[PDB]
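When reading the values below, keep in mind they use all heavy atoms of this one structure, side chains included, and skip hydrogens, waters and symmetry mates. Note that ligands are numbered from 1 as they come in the structure, with each ligand's atoms numbered from 1 the same way. Letters go in sequence order (proteins before strands), and every chain restarts at 1.
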Amino acid sequence: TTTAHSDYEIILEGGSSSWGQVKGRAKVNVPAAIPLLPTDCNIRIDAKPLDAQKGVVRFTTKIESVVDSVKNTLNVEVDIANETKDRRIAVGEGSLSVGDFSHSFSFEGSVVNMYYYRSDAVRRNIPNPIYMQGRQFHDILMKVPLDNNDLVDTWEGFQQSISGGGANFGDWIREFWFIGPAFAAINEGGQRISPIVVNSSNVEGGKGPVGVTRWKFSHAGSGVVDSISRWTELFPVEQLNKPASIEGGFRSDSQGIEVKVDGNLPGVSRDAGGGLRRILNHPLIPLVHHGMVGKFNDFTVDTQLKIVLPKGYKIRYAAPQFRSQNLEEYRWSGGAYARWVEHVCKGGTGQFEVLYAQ
Amino acid sequence: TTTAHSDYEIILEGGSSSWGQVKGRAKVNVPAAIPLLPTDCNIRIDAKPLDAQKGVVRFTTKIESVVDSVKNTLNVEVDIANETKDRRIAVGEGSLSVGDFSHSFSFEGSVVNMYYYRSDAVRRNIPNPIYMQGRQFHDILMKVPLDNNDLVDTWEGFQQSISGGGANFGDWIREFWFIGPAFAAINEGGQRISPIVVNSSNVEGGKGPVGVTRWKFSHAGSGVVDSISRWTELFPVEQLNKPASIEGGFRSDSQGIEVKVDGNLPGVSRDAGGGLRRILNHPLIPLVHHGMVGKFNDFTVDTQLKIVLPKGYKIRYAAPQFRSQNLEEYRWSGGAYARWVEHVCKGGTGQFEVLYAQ
Amino acid sequence: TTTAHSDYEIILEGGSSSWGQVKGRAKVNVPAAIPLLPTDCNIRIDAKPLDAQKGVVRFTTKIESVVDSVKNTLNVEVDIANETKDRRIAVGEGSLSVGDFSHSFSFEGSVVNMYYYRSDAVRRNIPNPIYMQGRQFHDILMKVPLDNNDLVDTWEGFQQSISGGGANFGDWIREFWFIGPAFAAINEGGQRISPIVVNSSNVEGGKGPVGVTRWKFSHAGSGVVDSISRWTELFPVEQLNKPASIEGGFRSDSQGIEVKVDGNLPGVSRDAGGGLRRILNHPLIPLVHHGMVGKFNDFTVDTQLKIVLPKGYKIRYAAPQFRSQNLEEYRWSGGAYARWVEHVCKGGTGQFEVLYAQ
Ligand code: BCL
Ligand code: BCL
Ligand code: BCL
Ligand code: BCL
Ligand code: BCL
Ligand code: BCL
Ligand SMILES: [N+]
Ligand code: NA
Ligand code: NA
Ligand code: NA
């Protein structure tokens with residue numbers, strides 16, 4: 001049979017905390033859609049508060065992949081802080097490698113989230129808003145040491161293209177940037193990527209010569225794009241009073257996919273009003289984008305979810321309904337929950353709400 | 001099992017009439033894709049000829065919905081008339097409500113449909129044309145009393161945005177306008193929405209102050225967009241010699257969908273040439289847009305269609321073929337018809353033609 | 001049951017040849033998605049080297065279709081040659097017919113393929129690259145005798161549109177050009193079509209008057225578009241030391257689809273490095289575009305592939321693995337291969353690699 005086997009667990013903190021431990025595991029005997037297989041990847045993301053800096057988070061991520069035998073890596077360390085509810089700043093550094101090749105980088109930037117035409121008439125009438133339309137402006141200064149011949153060559157290639165290419169450069173860069181199926185995924189999610197505008201390009205010297213570029217773009221969304229709709233929520237700095245982490249890994253080939261995720265992080269629950277809390281609303285881009293790959297083989301669901309509430313708390317509402325309960329432990333499987341799992345794995349965004357209370 | 005149960009019925013008028021009674025009912029035990037559930041909605045649309053006005057139709061629609069407990073309404077009454085085969089005019093008024101908030105509006109406008117590069121070489125050779133490419137130009141004057149503080153606030157927000165925003169305003173408005181999954185659906189159907197151009201914005205006074213805007217946009221299609229391809233057909237004013245109506249309602253949540261539609265209206269059949277008539281060609285946007293939600297759960301079809309021809313008329317051709325017949329009554333179920341139902345519910349546009357004759 | 005029955009065979013040439021014989025057959029009892037049925041079509045494509053012209057290929061194609069009873073044809077004969085690895089030239093002529101109407105044409109043009117930002121850092125590290133982003137510039141001079149009244153009329157319609165329409169003409173032409181579902185398919189594949197620019201329009205005289213237009217456009221891809229990513233590979237002129245041909249035909253209606261393809265052509269295998277060869281990487285646009293129709297009915301796979309290697313060669317790697325082997329003959333069916341067939345018929349691009357060696 002083609003059967004998708006999966007297991008998910010959430011363990012929630014109580015009191016004023018929004019933290020939870022999250023676990024997910026899945027195995028399915030279908031090919032992945034990658035046109036190079038096997039393809040394997042591990043990612044780790046960490047965040048900790050910085051001791052001597054009020055509201056600043058040290059965020060790091062490490063990616064390792066193997067694609068048709070070729071080993072790749074990316075490492076990034078970044079300090080991130082809000083300036084206002086709309087404006088966030090970042091400064092960081094990192095490196096990447098592909099086979100025998102590597103390069104490093106450093107950057108700083110500002111991102112301004114701008115909702116379109118928000119109103120109190122909406123706010124006071126919609127208890128759990130989902131789609132929030134907006135545009136999010138990036139301003140980036142980046143630096144790369146030109147410390148091998150390929151880097152020199154690519155710098156020169158870009159300088160000629162920018163010099164010669166007027167508006168075309170920043171227009172046509174989008175199908176370079178969003179390689180492969182990434183480009184189609186933009187519109188799928190009601191997202192838009194603006195042209196790039198290059199403000200300046202300079203070689204400094206570092207050490208050695210460094211290619212320095214100041215550039216800008218914006219992206220927009222009609223409300224599915226969670227990076228815009230949930231801009232403040234997705235950076236839960238006030239809850240980060242200790243280190244948070246998540247890691248995920250998958251292995252895939254032309255006969256199967258297997259994946260594991262483990263994390264401990266703020267923002268797993270959220271205040272729902274009225275003395276209630278919910279599991280955070282499911283982000284929509286993961287569902288819509290995974291929907292672009294989840295429809296290629298028929299499958300049966302073999303899936304269980306366990307949610308462990310904080311001590312003494314109880315479920316107030318869940319739909320699909322839990323299958324069973326004992327004290328803080330609630331379990332879902334089969335029936336309507338299994339049809340919901342099938343639905344979201346194929347791209348559906350139907351709501352599975354879980355509300356609970358002290 | 002996941003089974004979709006549905007039943008459809010058509011009862012046709014004869015002679016020179018294109019009218020039919022239409023009924024549809026469906027129930028399916030799958031979640032809807034709305035990210036807020038339950039979501040319920042009723043719509044009623046009515047059209048009647050105006051006694052003292054040659055070719056003018058009074059068109060009304062009333063929508064009531066509940067989305068995550070929040071009650072919404074829209075009411076619109078409009079007088080619509082053709083000026084030429086390409087140009088139609090409208091004047092109307094209405095109101096909307098969301099929870100505790102409401103506002104009213106009035107408007108007038110003109111819409112010009114423009115096919116691209118039509119030719120007699122096509123006309124005389126294609127017996128049943130489907131894809132007709134074109135662009136459809138809207139010119140709108142609308143008025144809203146600014147009779148609560150939220151309306152004042154939003155007026156001021158837009159005035160600043162238009163003043164300050166040059167071309168960006170009318171560009172970026174599109175992802176505000178086509179909220180949520182609406183934006184992606186545009187391209188899915190081979191449709192295009194132009195930027196908005198604002199011709200003027202003025203507060204009048206009403207009564208009290210009224211926000212008045214004159215603005216324009218066009219939309220285009222490659223031939224799937226029925227609002228363009230079938231522009232004259234979709235407003236069957238000459239057949240409307242008595243009131244027409246249709247109503248539909250659905251209830252949905254994370255475990256099921258149920259829907260009912262009932263109507264009596266012109267345009268259910270159409271002259272096919274040669275002394276023949278057909279059930280009107282299936283519009284394609286409903287199929288393509290519903291295709292964006294119909295692929296998220298496997299289902300079995302349990303579906304019957306009944307078509308009742310006018311007295312003495314008989315089917316000349318149907319594919320998929322009817323299952324059974326008795327006098328004017330033809331029934332479809334099972335076999336090829338059921339595979340067609342599955343197909344169109346998932347987004348397929350394959351032709352199911354029904355031709356009949358006196 | 002809904003069952004897709006299909007059979008594929010590849011017979012490879014050895015030595016320095018990349019040629020293979022290809023056969024495919026399929027039958028499936030589902031409706032096609034065409035909104036006019038039945039629809040049938042045959043295509044034949046032929047290529048031969050020109051005796052007195054070094055590197056020039058005479059390429060011909062003939063299409064015959066019937067769509068809702070209407071017979072159509074297209075015939076084109078073209079001489080094609082590379083000037084450089086990036087620039088190709090063409091000169092040709094042909095005719096088309098629809099029912100009682102026909103017209104002829106002649107043309108010449110140049111096409112320049114331009115990859116974006118290629119690098120040796122990529123080249124030396126990726127053994128089998130797939131996604132190659134780029135833009136491909138067409139420059140076309142075409143001539144049509146205005147030798148019937150419809151041609152005169154359409155010429156005049158276009159002259160007025162171009163004269164009057166500024167940038168809109170070359171913008172809005174895209175939804176005329178990519179009729180029906182073609183328009184949506186562009187973005188689906190990460191493809192872009194630029195506006196048209198018209199350089200000139202003139203009536204010559206021919207004979208009689210001839211409408212002559214010089215015009216340009218580019219298309220681009222993020223790497224899925226094989227016409228860009230595999231620009232040199234897709235025109236295997238150096239291997240064409242004798243005539244090549246392929247033919248395909250299908251019949252479809254609201255109850256089934258049947259198709260047959262037969263060809264003998266260069267480029268079926270390719271050097272994989274290291275003394276190895278592979279079956280050419282599967283082109284991605286056919287899979288992505290067919291994916292737009294392959295998801296509308298559940299189906300079971302009944303499918304066999306046979307690959308016959310050149311004498312003495314053996315498979316070095318295949319995933320999904322072959323089912324059985326005897327001497328040069330390898331067969332796939334069932335199991336993982338059948339899940340791969342289902343996957344690619346629905347739009348999946350997962351890699352099925354076949355490597356072999358002398
Ligand atoms: C620069 C990146 C941005 C950022 C962008 C986003 C975006 C965008 C989203 C979030 C989302 C979340 N973020 Mg944030 N986030 C940042 C910083 C943080 C910090 C911090 C204090 O620094 C914290 C603690 C969080 C915490 C959170 C949670 C509130 C939420 C995920 C909930 C969950 O259960 O996930 C459980 C996790 C899983 C089930 C799967 C995890 C899979 C792997 C291990 C990680 C994701 C990989 C992703 C699919 C692919 C990345 C591709 C890149 C090319 C590398 N983010 C910075 C500022 N964050 C999501 C959300 O729901 O927001 C409302 C979301 O959509
Ligand atoms: C294909 C399956 C679906 C999916 C199916 C489900 C199901 C089913 C359930 C949840 C549930 C939850 N999911 Mg979800 N979910 C997906 C993706 C995400 C992402 C994300 C950033 O991608 C986020 C933040 C969330 C967040 C959430 C919470 C709202 C909630 C509780 C956590 C949980 O049980 O996780 C479980 C963990 C997973 C499902 C693992 C998902 C991992 C995804 C696919 C990303 C892997 C990235 C990979 C390792 C690295 C990529 C690197 C790049 C290639 C460079 N999901 C994918 C796309 N999710 C539960 C819920 O609603 O509780 C109320 C629930 O029952
Ligand atoms: C301002 C709106 C436009 C208009 C736009 C359209 C569009 C667009 C289409 C039609 C279509 C039709 N219209 Mg018209 N139509 C108008 C005025 C009229 C008047 C009239 C004399 O005033 C009449 C009698 C009709 C009659 C008809 C039929 C010829 C045809 C539907 C056939 C059928 O069997 O439906 C049976 C109905 C059903 C199976 C389902 C009905 C569902 C519910 C009850 C109504 C539709 C809701 C829709 C899905 C969502 C609307 C969302 C909005 C945000 C509110 N229209 C005005 C001028 N009409 C369709 C067609 O096929 O044209 C060729 C079509 O695509
Ligand atoms: C998901 C199912 C498919 C669908 C499946 C079928 C099937 C199967 C058959 C038809 C048939 C017909 N359909 Mg259809 N059809 C759909 C949508 C439409 C729409 C439309 C405006 O949406 C129109 C005008 C038509 C028109 C037609 C006629 C050509 C024909 C005879 C009427 C009939 O039997 O209706 C039956 C009525 C329905 C199927 C109900 C459809 C209601 C749709 C989904 C809209 C509901 C709107 C909701 C109530 C309100 C939305 C409000 C907004 C959220 C604000 N269909 C949807 C998208 N249709 C029959 C035929 O071809 O006869 C020859 C036939 O056998
Ligand atoms: C003007 C057209 C272009 C061109 C554009 C393309 C494009 C684009 C592609 C190819 C591809 C291929 N081309 Mg080339 N090709 C041209 C000239 C040639 C000549 C020659 C010496 O003149 C030769 C021998 C080839 C040979 C080849 C093969 C290397 C490869 C197909 C492999 C296979 O097994 O197919 C076996 C075939 C089948 C399984 C199915 C065949 C179906 C039918 C009979 C033909 C295709 C119809 C297509 C779906 C629809 C066309 C619609 C039009 C509106 C008419 N091409 C010219 C220069 N060629 C493909 C590839 O993989 O490249 C890497 C590809 O994507
Ligand atoms: C829906 C089914 C899928 C598909 C499923 C498979 C499967 C399954 C297998 C291959 C395999 C192969 N396919 Mg494939 N393949 C498709 C389309 C293509 C096209 C193309 C130009 O459309 C090309 C060049 C190829 C090329 C290739 C080679 C890489 C490989 C060996 C040839 C073979 O066995 O062909 C077999 C022939 C076919 C599948 C026939 C495909 C015909 C397509 C649908 C086009 C028909 C055009 C029609 C006749 C005319 C249209 C005219 C217009 C309407 C005007 N495929 C379609 C879209 N292909 C085999 C492989 O990977 O070996 C290692 C293998 O096992
Ligand atoms: N899609
Ligand atoms: Na390096
Ligand atoms: Na009010
Ligand atoms: Na002719």
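- Against a heavy-atom cut-off of under 4.0 Å, C:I63 is close to the following atoms of ligand 5: 55 (C).
- Remark: among candidates C:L280, C:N82, C:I10, the nearest residue to atom 32 (C) of ligand 5 is C:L280, based on non-hydrogen atoms.
- The shortest side-chain heavy-atom distance between A:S269 and A:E13 does not fall under the 4.5 Å cut-off.
- Checked by distance only, ligand 5 and C:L234 come closer than 3.5 Å through their nitrogen or oxygen atoms.
- Of the inter-residue distances, the one linking C:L74 atom CG with C:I43 atom CD1 reads 8.5 Å to the nearest 0.5 angstrom.
- C:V237 does not count as a contact of ligand 5, since none of its heavy atoms falls under 4.0 Å from the ligand.
- Between atom 14 (Mg) of ligand 1 and A:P236 there is no N/O/S contact shorter than 2.8 Å.
- Distances from atom 36 (C) of ligand 5 to the heavy atoms of C:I246, C:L74, C:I45, C:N42 show the closest one on C:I246.
- No option in C:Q136, C:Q191, C:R230 other than C:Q191 meets the side-chain contact (heavy atoms from CB on, under 4.5 Å) test with C:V225.
- Near C:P283, meaning under 4.0 Å from one of its heavy atoms, ligand 5 places the atoms 62 (O), 66 (O).
- A donor and an acceptor atom, one from each side chain of A:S65 and A:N72, are located under 3.5 Å apart.
- Remark: A:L287 CG to A:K346 NZ distance equals 14.5 Å, nearest 0.5 Å.
- Taking all heavy atoms of A:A47, A:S269, A:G267, A:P266 into account, the minimum distance to atom 24 (C) of ligand 1 is reached by A:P266.
- Closest to atom 35 (O) of ligand 1 by heavy atom, among A:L265, A:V78, A:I43, is A:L265.
- The ligand atoms of ligand 5 that sit less than 4.0 angstrom from a heavy atom of C:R230 are 64 (C).
- Between C:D46 and C:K48 there is no salt bridge, since no side-chain nitrogen of the basic residue lies less than 4.0 Å from a carboxylate oxygen of the acidic one.
- Taking a cutoff of 4.0 Å between a charged side-chain nitrogen and a carboxylate oxygen, A:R58 and A:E77 qualify as a salt bridge.
- Residues B:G189 and B:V224 share a closest heavy-atom pair of O-CB, 3.4 Å.
- Counting atoms of ligand 5 from 1 in the listed order, those under 4.0 Å from a heavy atom of C:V57 are 22 (O).
- Contacts with ligand 5 closer than 4.0 Å are made by no heavy atom of C:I285, backbone or side chain.
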